[PDB]
Structures are given as C-alpha cells and as structure tokens.
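Colleague: Dropping a structure here in structure tokens format, bear with me for questions.
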Amino acid sequence: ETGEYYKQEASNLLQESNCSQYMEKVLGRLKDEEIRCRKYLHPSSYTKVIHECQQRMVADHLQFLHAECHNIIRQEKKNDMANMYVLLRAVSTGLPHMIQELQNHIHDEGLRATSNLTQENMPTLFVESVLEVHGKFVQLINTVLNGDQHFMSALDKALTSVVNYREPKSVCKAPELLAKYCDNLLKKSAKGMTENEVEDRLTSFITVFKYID
C-alpha cells in the first residue's frame, strides 16, 4: 500500500510543481518518512520502506529527472543539484546518467576557457584556465555533492579531453604549452615570484600535467 500511496503522491506532485521545487518536496517526504517509519514500524523495515518510498517516488519518474537534469548542471545551481544528487544515488540506474551528463559540462566549460588563447601569453593562460576549471569543479563536487569518486572520475576524464585537445589534421597543443610554462616560470629573468610562490605554482602545474595523454 505504501508503494501505491507514493505512486499516486509522486504523480500528484509533478502536476503542481516543476522539477526545481520537486526535489524539496520529495526530500520533504523522505525526511518525514524516515521519522514516521521509526515511530511505528520495526527497525527491520526501515530500509525496505524507504526503498519503496523511492522506487515509486524517485525511480518512477526516472526519465522526468533526466529530462530536466540538463538545466541544473549548466547554471551551477547549488541547492537544485545537491537535492538532485541525493535522489539519484538511491536509484540503481539513475545516477550514471548524471555523471556522464556532468562530464559533458566540464568538457564544454573547459573548452571555452582554452579557446581565447592570446598570441603573446599562451602557456600561463592555458594552465591558469585549467586551474580555474579544476579549482572550481572540485569545489562543486565537494561543497554540495559528496566526495563521490564517480563524479571525480568524470571530472578527471573531462579535464583529460580538454587538455588533450587535437585540432583537425593537427597535433595536440598540450605538450609544448606546459613545457613552455615551466621554463617561463623557472627563469630568473625580469622579476620572479620567489621560491615561496614558485613551489606553489609548480604544484598546481602537476594537476594539469597529470591529464596529459
């Protein structure tokens, strides 16, 4: 009966609320369901009830979640994506669509960073733009999402593609720019950044170099 009660409840909520506020309403039920399940039922049924309160409420509209998941990742919505993640992590086949689609977001945002390559400061901008992409996307995986290695592997795979970008009928531009970045930074010419900061920029260079094919 709780499968049928939340089969109609999940169908009722979507007709009134869009996917953005549908997340809070579903989590507004599971948070309350976990409380009312431990006030009445045996502790053996705590995991079986919730598994039924998500199969007929979250896994039931699996395609509805994946239809509206595109706009969530593009706008870097902190609240509408953390709630979006905790719904899919319970469903067995729901989560892998999110990590693959989020992998395309770095592969699209990363290219825009390494697109306006200036003809006078090529190596510094390429590394710094990657740290802009890497230093932000690691935060997003860690400040609203959990420390999931699936998203981390997606970010690692996506950052690999943007770094190892091959122009049509041309070699990849990654190896020389990273090679030039070190030499442009280890010289004593002009005014340096001093070894207290040189050891910091070179440490961040390893993250860019780790994705080199």
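So you can find residues: chains in the structure tokens are A, B, ... in the order shown, residues in each start at 1, and ligands are numbered from 1 in order.
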Determine, using only C-alpha atoms, which residues of segment 100-139 of chain A have any atom at most 8 Å from an atom of segment 189-210 of chain A, and tabulate each with its shortest atom pair and distance in Å to one decimal place, rows ordered by chain and then rising number, as JSON lines.
Modeller:
```
{"residue": "A:127", "atom": "CA", "partner": "A:208", "partner_atom": "CA", "distance": 6.5}
{"residue": "A:130", "atom": "CA", "partner": "A:208", "partner_atom": "CA", "distance": 6.8}
{"residue": "A:131", "atom": "CA", "partner": "A:204", "partner_atom": "CA", "distance": 7.4}
```
Colleague: Quick one: residues within 12 Å of residue 166 of chain A, only C-alpha atoms, excluding same-chain residues fewer than 5 positions away - as a PyMOL selection string?
Modeller: chain A and resi 111+160-161+171-175+213
Colleague: Got time to write the residues from that selection, C-alpha atoms, as an mmCIF file, in the first residue's frame?
Modeller:
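Now in result.cif:
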```cif
data_model
loop_
_atom_site.group_PDB
_atom_site.id
_atom_site.type_symbol
_atom_site.label_atom_id
_atom_site.label_comp_id
_atom_site.auth_asym_id
_atom_site.auth_seq_id
_atom_site.Cartn_x
_atom_site.Cartn_y
_atom_site.Cartn_z
ATOM 1 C CA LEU A 111 36.951 24.341 -23.935
ATOM 2 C CA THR A 160 41.687 14.961 -19.879
ATOM 3 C CA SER A 161 39.734 15.634 -23.081
ATOM 4 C CA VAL A 171 48.873 17.645 -33.280
ATOM 5 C CA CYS A 172 47.610 18.354 -29.777
ATOM 6 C CA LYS A 173 48.678 21.717 -28.368
ATOM 7 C CA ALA A 174 49.088 20.474 -24.780
ATOM 8 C CA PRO A 175 52.741 19.266 -24.554
ATOM 9 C CA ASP A 213 47.921 11.762 -22.646
#
```
Colleague: Within 9 Å of residue 25 of chain A, counting only C-alpha atoms, which residues qualify if same-chain residues fewer than 5 places away don't, as a PyMOL selection string?
Modeller: chain A and resi 13+17+30
Colleague: Would you write out those residues with N, CA and C atoms, as a PDB file, in the first residue's frame?
Modeller:
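Writing the result to selection-v9.pdb gives the following:
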```pdb
ATOM      1  N   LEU A  13       2.461  15.270  -7.260  1.00  0.00           N
ATOM      2  CA  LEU A  13       3.354  16.397  -7.004  1.00  0.00           C
ATOM      3  C   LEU A  13       3.891  17.001  -8.295  1.00  0.00           C
ATOM      4  N   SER A  17       4.056  20.976  -9.263  1.00  0.00           N
ATOM      5  CA  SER A  17       5.370  21.555  -9.040  1.00  0.00           C
ATOM      6  C   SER A  17       6.326  21.150 -10.153  1.00  0.00           C
ATOM      7  N   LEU A  30      10.740  12.092   2.309  1.00  0.00           N
ATOM      8  CA  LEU A  30      11.667  11.074   2.800  1.00  0.00           C
ATOM      9  C   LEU A  30      12.238  11.448   4.162  1.00  0.00           C
TER      10      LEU A  30
END
```
Colleague: Within 12 Å of residue 11 of chain A, counting only C-alpha atoms, which residues qualify if same-chain residues fewer than 3 places away don't, as a PyMOL selection string?
Modeller: chain A and resi 4-8+14-18+22+26+56-61+64
Colleague: Please produce an output containing N, CA and C atoms for each residue in the selection, written as an mmCIF file, in the first residue's frame.
Modeller:
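Written file, out-v2.cif:
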```
data_model
loop_
_atom_site.group_PDB
_atom_site.id
_atom_site.type_symbol
_atom_site.label_atom_id
_atom_site.label_comp_id
_atom_site.auth_asym_id
_atom_site.auth_seq_id
_atom_site.Cartn_x
_atom_site.Cartn_y
_atom_site.Cartn_z
ATOM 1 N N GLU A 4 1.684 2.071 -3.512
ATOM 2 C CA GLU A 4 0.603 2.723 -4.242
ATOM 3 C C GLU A 4 0.334 4.127 -3.718
ATOM 4 N N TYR A 5 0.523 4.355 -2.416
ATOM 5 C CA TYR A 5 0.263 5.678 -1.859
ATOM 6 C C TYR A 5 1.247 6.707 -2.395
ATOM 7 N N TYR A 6 2.517 6.329 -2.531
ATOM 8 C CA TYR A 6 3.522 7.212 -3.106
ATOM 9 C C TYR A 6 3.659 7.069 -4.615
ATOM 10 N N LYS A 7 2.970 6.109 -5.234
ATOM 11 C CA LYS A 7 2.837 6.145 -6.686
ATOM 12 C C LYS A 7 1.874 7.246 -7.105
ATOM 13 N N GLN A 8 0.773 7.401 -6.368
ATOM 14 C CA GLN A 8 -0.155 8.494 -6.637
ATOM 15 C C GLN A 8 0.392 9.817 -6.118
ATOM 16 N N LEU A 14 4.146 16.173 -9.313
ATOM 17 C CA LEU A 14 4.703 16.704 -10.554
ATOM 18 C C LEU A 14 3.692 17.565 -11.300
ATOM 19 N N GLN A 15 2.400 17.257 -11.171
ATOM 20 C CA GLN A 15 1.375 18.025 -11.869
ATOM 21 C C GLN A 15 1.244 19.442 -11.330
ATOM 22 N N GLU A 16 1.696 19.691 -10.101
ATOM 23 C CA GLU A 16 1.618 21.012 -9.495
ATOM 24 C C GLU A 16 2.960 21.718 -9.395
ATOM 25 N N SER A 17 4.056 20.976 -9.263
ATOM 26 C CA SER A 17 5.370 21.555 -9.040
ATOM 27 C C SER A 17 6.326 21.150 -10.153
ATOM 28 N N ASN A 18 7.200 22.081 -10.528
ATOM 29 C CA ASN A 18 8.228 21.796 -11.513
ATOM 30 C C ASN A 18 9.397 21.062 -10.858
ATOM 31 N N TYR A 22 10.398 20.261 -7.076
ATOM 32 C CA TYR A 22 10.028 18.870 -6.836
ATOM 33 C C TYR A 22 11.043 18.174 -5.944
ATOM 34 N N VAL A 26 10.041 16.054 -2.496
ATOM 35 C CA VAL A 26 10.380 14.646 -2.311
ATOM 36 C C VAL A 26 11.249 14.466 -1.073
ATOM 37 N N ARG A 56 8.956 4.064 -6.078
ATOM 38 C CA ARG A 56 7.692 4.561 -6.600
ATOM 39 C C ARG A 56 7.584 6.079 -6.560
ATOM 40 N N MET A 57 8.617 6.778 -6.098
ATOM 41 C CA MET A 57 8.592 8.231 -6.000
ATOM 42 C C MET A 57 9.734 8.916 -6.731
ATOM 43 N N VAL A 58 10.923 8.327 -6.743
ATOM 44 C CA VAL A 58 12.080 8.878 -7.436
ATOM 45 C C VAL A 58 12.422 8.061 -8.675
ATOM 46 N N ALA A 59 12.517 6.739 -8.527
ATOM 47 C CA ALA A 59 12.794 5.881 -9.670
ATOM 48 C C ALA A 59 11.610 5.778 -10.619
ATOM 49 N N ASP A 60 10.408 6.134 -10.162
ATOM 50 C CA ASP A 60 9.232 6.042 -11.022
ATOM 51 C C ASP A 60 9.290 7.079 -12.139
ATOM 52 N N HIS A 61 9.590 8.329 -11.799
ATOM 53 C CA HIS A 61 9.844 9.369 -12.798
ATOM 54 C C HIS A 61 11.342 9.514 -13.058
ATOM 55 N N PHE A 64 11.786 11.699 -16.141
ATOM 56 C CA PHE A 64 11.481 13.088 -15.814
ATOM 57 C C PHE A 64 12.665 13.764 -15.135
#
```
Colleague: Segment 137-152 of chain A: which residues within 8 Å, counting only C-alpha atoms, same-chain residues fewer than 6 positions away excluded, as a list in words?
Modeller: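 In the requested form, the answer reads residues 78, 79, 81, 82, 85, 99, 102, 103 and 106 of chain A.
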Colleague: Could you save those same residues with N, CA and C atoms as a short mmCIF file (atom, residue, chain, number, x, y, z; two decimals), in the first residue's frame?
Modeller:
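Below is the file that was written, selection_37.cif:
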```
data_model
loop_
_atom_site.label_atom_id
_atom_site.label_comp_id
_atom_site.auth_asym_id
_atom_site.auth_seq_id
_atom_site.Cartn_x
_atom_site.Cartn_y
_atom_site.Cartn_z
N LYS A 78 23.45 25.36 -6.82
CA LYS A 78 23.96 24.62 -5.66
C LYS A 78 22.85 23.82 -4.99
N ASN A 79 21.71 24.45 -4.72
CA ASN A 79 20.64 23.78 -3.99
C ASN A 79 19.87 22.79 -4.86
N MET A 81 20.95 20.98 -7.31
CA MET A 81 21.76 19.86 -7.75
C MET A 81 22.15 18.92 -6.62
N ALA A 82 22.42 19.44 -5.43
CA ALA A 82 22.66 18.57 -4.28
C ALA A 82 21.42 17.76 -3.95
N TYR A 85 21.17 15.16 -6.62
CA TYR A 85 22.10 14.04 -6.49
C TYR A 85 21.59 13.00 -5.49
N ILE A 99 26.38 11.50 -14.00
CA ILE A 99 27.83 11.67 -14.06
C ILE A 99 28.30 11.81 -15.50
N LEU A 102 27.17 15.31 -16.47
CA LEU A 102 28.04 16.29 -15.83
C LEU A 102 29.44 16.27 -16.43
N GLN A 103 29.88 15.12 -16.93
CA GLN A 103 31.17 15.04 -17.61
C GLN A 103 31.19 15.90 -18.87
N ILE A 106 31.98 19.91 -17.94
CA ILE A 106 33.38 20.33 -17.90
C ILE A 106 33.97 20.32 -19.30
#
```
